[PDB]
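Novice: Fold the following and give me the result.
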Amino acid sequence: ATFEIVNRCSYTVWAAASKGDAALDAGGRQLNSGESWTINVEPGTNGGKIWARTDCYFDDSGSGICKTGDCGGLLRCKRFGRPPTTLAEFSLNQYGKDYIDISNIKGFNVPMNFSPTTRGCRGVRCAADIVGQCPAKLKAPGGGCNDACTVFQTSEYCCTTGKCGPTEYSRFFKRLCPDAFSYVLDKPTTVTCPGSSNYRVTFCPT
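Specialist: Residues are numbered from 1 along each chain as shown. You can find the structure just below:
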């Protein structure tokens, strides 16, 4: 499957793509403002994620740091990124269908649209100014808006027991972005697409 990753932000981002235990395609790349990078993701990929990283520095070997979304200091991510990270999430070719969503469960750094480029389903978007409106206690000094689990490490925010409800913090993410997951047990906003659809992830779509 192809994913065109497009940076419409006015700032550079370092895109990342991983399924947690491996890179997808090259795993990461710099995207200056306006650039597009198209990756290939193997059919059947389960639990894939794409995200933006901000304020990165990498040496000639591809090792360094980012302020949001850092994946073990690598340009080419093999693992998931450090919160806060707005997440484009997908599982492909799952009994004949693809499943896509956006999640704020690991916080928010960059606004995102995640849409199919082929027929048969809609896209999802979280493009509100979550960083600017972020509750004081969730603001990440390194940049972005943390989720409450990251900040407070409670069973209720992290849904550790698989019993948790919405919270004042989850409701903030949900109010700003109704079409993204705001906590682990949120009413799903997952979209079913035809198996083997192709996609575009756009940072700063509006």
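
Novice: ranges for the helices of this protein?
Specialist: 130-133, 148-152, 155-158, 168-176 (DSSP state H).

Novice: Output the longest one as CSV, restricted to C-alpha atoms.
Specialist: Going back to what we said before, that points to helix 168-176. Once non-C-alpha atoms are left out, helix 168-176 reads as follows in CSV (Å, rounded to 0.1, in the frame of the first residue of the first chain):
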residue,chain,number,x,y,z
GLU,A,168,-11.7,16.2,32.1
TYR,A,169,-8.5,15.8,30.1
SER,A,170,-9.8,13.3,27.6
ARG,A,171,-12.9,15.6,27.1
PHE,A,172,-10.5,18.5,26.1
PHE,A,173,-9.0,16.4,23.3
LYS,A,174,-12.5,15.2,22.3
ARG,A,175,-14.0,18.6,22.2
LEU,A,176,-11.2,20.0,19.9
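
Novice: Use 16 as the first number for this chain going forward.
Specialist: Sounds good: first residue 16 from here, last item helix 183-191.

Novice: Can you give me the buried ones in stretch 20-36?
Specialist: Neighbour-count burial for stretch 20-36 flags 20-24, 27-34 (criterion: 16 or more other Cβ atoms under 10 Å). For every residue, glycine as well, the C-beta is placed using N, CA and C.

Novice: Please report the distance of the residue lying closest to residue 159 once chain neighbours are set aside from residue 119.
Specialist: In this structure, residue 159 finds its nearest non-sequential neighbour in residue 99, 3.4 Å apart by Cβ to Cβ, 6 or more residues apart in numbering. Residue 99 sits 9 Å away from residue 119, taking Cβ to Cβ, to the nearest Å as the criterion.
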